[PDB]
Amino acid sequence: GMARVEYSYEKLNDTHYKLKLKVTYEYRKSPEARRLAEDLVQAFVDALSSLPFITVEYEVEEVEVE
Amino acid sequence: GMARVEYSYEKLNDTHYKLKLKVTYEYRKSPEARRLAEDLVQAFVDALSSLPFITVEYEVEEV
């Protein structure tokens with residue numbers, strides 16, 4: 001399908017960067033692509049949240065088709 | 001299909017960091033899932049690598 005990731009981030013004094021990711025993707029009505037997209041986005045979520053020197057917030061947006 | 005993202009990192013400064021990623025996935029015979037997995041990886045990477053406080057090194061493996 002197709003995917004997009006735009007972000008907002010904020011830097012305050014002595015406070016590690018705060019990051020918000022907006023994840024939008026289309027799975028073209030394919031169940032395997034939907035399962036794989038949710039598993040992969042979640043896998044990226046677990047990797048980025050674990051980073052201790054940055055605060056990560058998420059917004060995921062599924063789209064059936066273009 | 002299932003997917004997995006291994007990760008590591010190291011300190012460059014107290015603001016700049018180096019993030020390493022290893023993405024593994026399967027597409028379950030679905031062409032749409034395969035391209036979607038790759039577009040998702042490219043989107044995350046381009047977004048993270050555009051952050052001035054992050055440098056990204058990554059590899060992708062199919063299973």
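First the proteins, then the strands, lettered A, B, ... as listed; each starts at 1.
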For this session: Using the salt bridge (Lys or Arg N to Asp or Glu O under 4.0 Å) rule, take A:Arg28 and A:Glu64 through it: C-alpha gap first, then chi angles, then the decisive distance, then the call.
Result: CA-CA 6 Å; A:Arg28 294 181 176 174; A:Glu64 300 95 323; over 6 Å; no
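- From B:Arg35, atom CZ reaches atom OG of A:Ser30 across 13.0 Å, with rounding to the nearest 0.5 Å.
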For this session: For salt bridge (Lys or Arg N to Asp or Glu O under 4.0 Å), just list the numbers for B:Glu38 and B:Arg34, CA-CA rounded to whole Å, side-chain angles, deciding distance to a tenth of an Å, and then say yes or no.
Result: CA-CA 6 Å; B:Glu38 287 291 342; B:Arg34 197 185 196 177; over 6 Å; no
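- Residues of residues 44-54 of chain B having a heavy atom under 4.5 Å from any heavy atom of chain A, listed by number: B:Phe44, B:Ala47, B:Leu48, B:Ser50, B:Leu51, B:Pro52, B:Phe53.
- Heavy atoms of A:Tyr27 lying under 4.5 Å from chain B belong to its backbone as well as its side chain.
- In the displayed structure, B:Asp14 atom CG is contacted under 6.0 Å by at most 12 heavy atoms of other residues, nucleotides or ligands.
- Contact annotation for B:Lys29: neither backbone nor side-chain heavy atoms come within less than 4.5 Å of a heavy atom of chain A.
- Heavy-atom distances place no part of A:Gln42 under 4.5 Å from chain B, backbone and side chain included.
- Side-chain atoms of A:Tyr25 and A:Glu62 form a donor-acceptor pair, as typed in the model, at a separation below 3.5 Å.
- Each of B:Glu6, B:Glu57, B:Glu61 was scored for a salt bridge (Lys or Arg N to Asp or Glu O under 4.0 Å) with B:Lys22, with one residue passing: B:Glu61.
- Residue A:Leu36 comes nearest to B:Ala3 through the heavy atom pair CD1-CB, 3.8 Å, listed as atom of the first residue, atom of the second, then distance.
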